[PDB]
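Down below is the structure, laid out as structure tokens.
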Amino acid sequence: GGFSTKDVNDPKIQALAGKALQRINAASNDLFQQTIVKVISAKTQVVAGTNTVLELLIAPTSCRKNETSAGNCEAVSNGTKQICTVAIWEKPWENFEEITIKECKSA
């Protein structure tokens, strides 16, 4: 029917944000990896399989995508942060999980 607020520290919400980040980084024109600063919000609906919409606050790191960094990739002072709306759609009877990056914009 409609969306319901979900907790941004749910272990499943976190996993999903992580996956949405890999997707943002894989598809983004940026040469440098982005990292999640925080999950701003999370909300799920269940009309046809589960649809989860996340807002992620993300920052650039100094980890180049053209590389293989030695560890964690840490957010950097500037650091123009973005907010990306991401929709993740799950249909476990089709064994289906589709992550859609809906929009990113300057925050």
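Residue numbering restarts at 1 for every chain of the structure tokens, chains are lettered A, B, ... in their displayed order, and ligands are numbered from 1 as they appear.
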Please return as a short mmCIF file (atom, residue, chain, number, x, y, z; two decimals) with N, CA, C and O atoms, in the first residue's frame: the residues of segment 26-102 of chain A that backbone DSSP assigns to strand (DSSP E or B).
data_model
loop_
_atom_site.label_atom_id
_atom_site.label_comp_id
_atom_site.auth_asym_id
_atom_site.auth_seq_id
_atom_site.Cartn_x
_atom_site.Cartn_y
_atom_site.Cartn_z
N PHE A 32 37.52 8.61 -8.52
CA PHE A 32 37.79 8.29 -7.09
C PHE A 32 36.56 7.61 -6.46
O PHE A 32 35.41 8.03 -6.71
N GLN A 33 36.81 6.56 -5.69
CA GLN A 33 35.79 5.90 -4.89
C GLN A 33 35.12 6.88 -3.97
O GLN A 33 35.77 7.80 -3.45
N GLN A 34 33.82 6.65 -3.75
CA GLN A 34 33.03 7.39 -2.79
C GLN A 34 32.80 6.47 -1.58
O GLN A 34 32.91 5.25 -1.69
N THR A 35 32.50 7.06 -0.43
CA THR A 35 32.25 6.28 0.74
C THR A 35 30.98 6.81 1.35
O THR A 35 30.55 7.94 1.04
N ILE A 36 30.34 5.98 2.16
CA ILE A 36 29.11 6.39 2.83
C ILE A 36 29.56 7.16 4.07
O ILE A 36 30.34 6.66 4.88
N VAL A 37 29.08 8.38 4.21
CA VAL A 37 29.16 9.08 5.49
C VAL A 37 28.06 8.56 6.44
O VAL A 37 28.34 8.03 7.54
N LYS A 38 26.81 8.65 5.98
CA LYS A 38 25.73 8.05 6.75
C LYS A 38 24.52 7.68 5.90
O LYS A 38 24.21 8.30 4.85
N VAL A 39 23.79 6.69 6.41
CA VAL A 39 22.51 6.42 5.86
C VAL A 39 21.56 7.48 6.45
O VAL A 39 21.20 7.39 7.59
N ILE A 40 21.14 8.44 5.64
CA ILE A 40 20.21 9.52 6.09
C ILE A 40 18.82 8.93 6.42
O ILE A 40 18.28 9.15 7.50
N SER A 41 18.23 8.16 5.49
CA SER A 41 16.95 7.50 5.77
C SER A 41 16.77 6.15 5.06
O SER A 41 17.55 5.80 4.16
N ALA A 42 15.72 5.42 5.47
CA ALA A 42 15.43 4.09 4.93
C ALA A 42 13.96 3.85 5.09
O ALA A 42 13.41 4.10 6.15
N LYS A 43 13.31 3.35 4.05
CA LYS A 43 11.89 3.08 4.13
C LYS A 43 11.53 1.95 3.18
O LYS A 43 11.99 1.93 2.03
N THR A 44 10.68 1.05 3.66
CA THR A 44 10.31 -0.14 2.90
C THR A 44 8.81 -0.19 2.62
O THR A 44 7.98 0.25 3.44
N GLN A 45 8.46 -0.65 1.43
CA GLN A 45 7.13 -1.02 1.12
C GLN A 45 7.12 -2.46 0.63
O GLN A 45 8.16 -3.03 0.27
N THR A 50 9.76 -6.73 -1.77
CA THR A 50 10.14 -5.61 -0.91
C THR A 50 10.86 -4.54 -1.72
O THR A 50 11.84 -4.83 -2.45
N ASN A 51 10.36 -3.31 -1.61
CA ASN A 51 11.05 -2.15 -2.12
C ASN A 51 11.57 -1.24 -1.02
O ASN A 51 10.79 -0.62 -0.27
N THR A 52 12.89 -1.16 -0.92
CA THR A 52 13.57 -0.32 0.05
C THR A 52 14.19 0.93 -0.59
O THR A 52 15.00 0.80 -1.52
N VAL A 53 13.85 2.12 -0.10
CA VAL A 53 14.42 3.35 -0.64
C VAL A 53 15.31 3.93 0.44
O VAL A 53 14.89 4.10 1.61
N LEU A 54 16.56 4.16 0.06
CA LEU A 54 17.57 4.68 0.96
C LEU A 54 18.04 6.02 0.45
O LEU A 54 18.09 6.25 -0.76
N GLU A 55 18.36 6.89 1.41
CA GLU A 55 19.08 8.10 1.10
C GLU A 55 20.40 7.96 1.78
O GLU A 55 20.45 7.78 2.99
N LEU A 56 21.47 8.06 0.99
CA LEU A 56 22.82 7.90 1.47
C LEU A 56 23.52 9.22 1.32
O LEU A 56 23.44 9.89 0.28
N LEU A 57 24.23 9.61 2.38
CA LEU A 57 25.12 10.75 2.30
C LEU A 57 26.50 10.20 2.02
O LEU A 57 27.04 9.40 2.83
N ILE A 58 27.11 10.60 0.89
CA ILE A 58 28.38 10.00 0.49
C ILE A 58 29.44 11.08 0.29
O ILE A 58 29.11 12.23 -0.07
N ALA A 59 30.71 10.70 0.49
CA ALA A 59 31.84 11.62 0.29
C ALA A 59 32.93 11.00 -0.56
O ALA A 59 33.13 9.81 -0.49
N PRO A 60 33.72 11.85 -1.31
CA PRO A 60 34.86 11.29 -2.05
C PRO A 60 35.92 10.81 -1.11
O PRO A 60 35.96 11.27 0.03
N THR A 61 36.72 9.86 -1.55
CA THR A 61 37.89 9.37 -0.79
C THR A 61 39.08 9.65 -1.67
O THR A 61 38.91 10.21 -2.77
N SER A 62 40.27 9.24 -1.25
CA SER A 62 41.42 9.34 -2.15
C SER A 62 41.78 8.01 -2.82
O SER A 62 42.81 7.87 -3.48
N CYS A 63 40.92 7.04 -2.67
CA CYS A 63 41.09 5.77 -3.29
C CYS A 63 40.66 5.89 -4.74
O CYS A 63 39.54 6.16 -5.03
N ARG A 64 41.61 5.72 -5.64
CA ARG A 64 41.33 5.83 -7.03
C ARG A 64 40.69 4.56 -7.46
O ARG A 64 41.04 3.52 -6.99
N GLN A 82 27.67 14.09 -1.55
CA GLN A 82 26.43 13.98 -2.30
C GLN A 82 25.41 13.22 -1.50
O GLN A 82 25.77 12.50 -0.56
N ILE A 83 24.15 13.42 -1.87
CA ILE A 83 23.02 12.61 -1.39
C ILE A 83 22.44 11.86 -2.58
O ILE A 83 22.04 12.44 -3.62
N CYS A 84 22.43 10.55 -2.42
CA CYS A 84 21.97 9.66 -3.46
C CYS A 84 20.76 8.95 -2.89
O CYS A 84 20.82 8.48 -1.75
N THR A 85 19.66 9.01 -3.66
CA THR A 85 18.48 8.19 -3.48
C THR A 85 18.65 6.88 -4.29
O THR A 85 18.97 6.88 -5.50
N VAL A 86 18.52 5.78 -3.58
CA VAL A 86 18.73 4.44 -4.10
C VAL A 86 17.49 3.61 -3.74
O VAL A 86 17.00 3.69 -2.60
N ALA A 87 16.99 2.85 -4.73
CA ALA A 87 15.88 1.92 -4.55
C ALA A 87 16.39 0.50 -4.77
O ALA A 87 17.09 0.18 -5.76
N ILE A 88 16.12 -0.34 -3.78
CA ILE A 88 16.44 -1.72 -3.92
C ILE A 88 15.18 -2.59 -3.87
O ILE A 88 14.35 -2.47 -2.95
N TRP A 89 15.05 -3.43 -4.90
CA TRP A 89 13.86 -4.21 -5.15
C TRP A 89 14.17 -5.67 -5.09
O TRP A 89 15.01 -6.17 -5.86
N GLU A 90 13.52 -6.36 -4.16
CA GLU A 90 13.73 -7.79 -3.97
C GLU A 90 12.52 -8.68 -4.20
O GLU A 90 11.43 -8.43 -3.66
N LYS A 91 12.73 -9.72 -5.00
CA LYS A 91 11.70 -10.71 -5.28
C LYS A 91 12.30 -12.08 -5.12
O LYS A 91 12.77 -12.66 -6.11
N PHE A 96 15.57 -12.57 -7.22
CA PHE A 96 15.82 -11.31 -7.89
C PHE A 96 16.15 -10.17 -6.88
O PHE A 96 15.41 -9.93 -5.88
N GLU A 97 17.28 -9.51 -7.09
CA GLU A 97 17.57 -8.31 -6.31
C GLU A 97 18.11 -7.29 -7.25
O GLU A 97 19.20 -7.46 -7.77
N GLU A 98 17.33 -6.24 -7.47
CA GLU A 98 17.69 -5.17 -8.36
C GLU A 98 17.93 -3.84 -7.59
O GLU A 98 17.01 -3.30 -6.93
N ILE A 99 19.16 -3.32 -7.68
CA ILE A 99 19.52 -2.02 -7.06
C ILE A 99 19.54 -0.90 -8.11
O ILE A 99 20.33 -0.95 -9.04
N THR A 100 18.67 0.09 -7.96
CA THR A 100 18.55 1.24 -8.86
C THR A 100 19.07 2.50 -8.17
O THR A 100 18.53 2.90 -7.13
N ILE A 101 20.11 3.13 -8.71
CA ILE A 101 20.50 4.47 -8.22
C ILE A 101 19.61 5.45 -8.90
O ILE A 101 19.70 5.60 -10.10
N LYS A 102 18.78 6.14 -8.12
CA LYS A 102 17.69 6.94 -8.63
C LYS A 102 18.13 8.35 -9.03
O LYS A 102 17.68 8.93 -10.03
#
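Taking atom CA of residue 26 of chain A and atom CA of residue 76 of chain A as the two end points, the separation is 19.6 Å.
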Inset, instruction - Any chance you could list, as a ChimeraX atom specification, the residues in chain A that come up helix (DSSP H, G or I) when DSSP is run on the backbone? - result: /A:11-27
Give me a file of those residues, with C-alpha atoms, as a PDB file, in the first residue's frame.
ATOM      1  CA  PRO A  11      21.820  -4.895  10.012  1.00  0.00           C
ATOM      2  CA  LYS A  12      19.947  -5.607   6.791  1.00  0.00           C
ATOM      3  CA  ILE A  13      19.615  -1.861   5.933  1.00  0.00           C
ATOM      4  CA  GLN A  14      23.379  -1.433   6.452  1.00  0.00           C
ATOM      5  CA  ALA A  15      24.167  -4.444   4.115  1.00  0.00           C
ATOM      6  CA  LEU A  16      21.893  -2.962   1.515  1.00  0.00           C
ATOM      7  CA  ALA A  17      23.533   0.560   1.765  1.00  0.00           C
ATOM      8  CA  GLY A  18      26.906  -1.166   1.311  1.00  0.00           C
ATOM      9  CA  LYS A  19      25.725  -2.798  -1.862  1.00  0.00           C
ATOM     10  CA  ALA A  20      24.173   0.420  -3.129  1.00  0.00           C
ATOM     11  CA  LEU A  21      27.595   2.103  -2.608  1.00  0.00           C
ATOM     12  CA  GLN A  22      29.413  -0.506  -4.720  1.00  0.00           C
ATOM     13  CA  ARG A  23      26.824   0.174  -7.368  1.00  0.00           C
ATOM     14  CA  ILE A  24      27.277   3.977  -7.157  1.00  0.00           C
ATOM     15  CA  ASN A  25      31.029   3.553  -7.461  1.00  0.00           C
ATOM     16  CA  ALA A  26      30.798   0.990 -10.379  1.00  0.00           C
ATOM     17  CA  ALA A  27      28.527   3.261 -12.425  1.00  0.00           C
TER      18      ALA A  27
END
